[PDB]
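Shown here is one chain on its own, the form deposited in one PDB entry, set out as structure tokens.
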């Protein structure tokens, strides 16, 4: 089998851990974990080839900035996430995540991922953003950002409903197999 390393980054609470858990496991017990601390491996088939994808979770909060790069050596693909319910998390894609990952992971493909897609039409989310004169991120804004930062692609998913989650990891595998 082909061995590749994936790292997931993005703003605190944008859904990174949930995304890794829902693709990897068949039962999600009630423990909250800031980062996956066991060795999660995605077994994915791409055009008749078996890829083993080691999934490396990272902490989004800034107090973890000094230790985060320990996760970066020898990465084959990056999942760079924001939350569709958070315009602020999208703004931090070009301002923080892109220069960090480009420094520590030169020439490594980035898949830009809009998480929490289920919240785009959620009434509570709409109201909480509306009170501050904001709204959920639109798909064209994700596309434009992926173009701006030089990402290999833009995808949307929901760890809650599972929509789009297989596709994210299958596309990450395809990107990782290019170099």
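Residue numbers count along the first chain shown, from 1.
Q: Among other entries of this protein with both neighbours modelled, does residue 24 go without coordinates in a third or more of them?
A: Affirmative; at least a third of those entries omit residue 24.
Q: Checking the other entries of this protein that model its neighbours, is residue 61 missing in at least a third?
A: Yes, residue 61 lacks coordinates in at least a third of the other entries compared.
Q: Would you mind comparing 42 to 50 and 140 to 148 for me and telling me which has the higher average C-alpha temperature factor in the entry?
A: It is 42 to 50.
Q: If you average the CA temperature factors over each stretch, which comes out higher, 3 to 11 or 169 to 177?
A: Higher mean C-alpha B-factor in the PDB entry: 169 to 177.
Q: In the PDB entry, which of 154, 64, 28, 56 has its C-alpha at the highest B-factor?
A: Out of 154, 64, 28, 56, the record gives the largest C-alpha B-factor to 28.
Q: Sorting the chain's CA B-factors, does residue 127 end up in the lowest, middle or highest third?
A: Middle third of the chain for residue 127's C-alpha B-factor.
Q: With respect to C-alpha B-factor, does residue 121 fall in the lowest, middle or highest third of the chain as deposited?
A: As the PDB entry reports it, the C-alpha B-factor of residue 121 lands in the highest third of its chain.
Q: Compared with the other modelled residues in the chain, in which third is the CA B-factor of residue 98?
A: Middle third.
Q: Please place residue 91 in the lowest, middle or highest third of its chain according to the CA B-factor in the PDB entry.
A: As the PDB entry reports it, the C-alpha B-factor of residue 91 lands in the middle third of its chain.
Q: Compare the C-alpha B factor of residue 20 with those of the other modelled residues in its chain, then answer lowest, middle or highest third.
A: Tercile = lowest for this residue's CA B-factor.
There is also a form solved in complex with a partner chain; it is not shown, and the following applies to it.
Q: Residue-level contact is defined here as any heavy atom of the residue lying within 4.5 Å of the partner chain in the entry with it bound; does residue 140 satisfy this criterion?
A: Flag for residue 140 set to no.
Q: Does at least one non-hydrogen atom of residue 70 fall within 4.5 angstroms of the partner chain in the entry with it bound?
A: Result yes; residue 70 sits at the interface with the partner chain in the entry with it bound.
Q: Looking at the partner-bound form in the entry with it bound, is residue 38 within 4.5 Å of the partner chain by any heavy atom?
A: Residue 38: contacts the partner chain in the entry with it bound.
Q: Report whether the minimum heavy atom distance between residue 66 and the partner chain in the entry with it bound is within 4.5 Å.
A: Judged by the heavy-atom cut-off of 4.5 Å, residue 66 is in contact with the partner chain in the entry with it bound.
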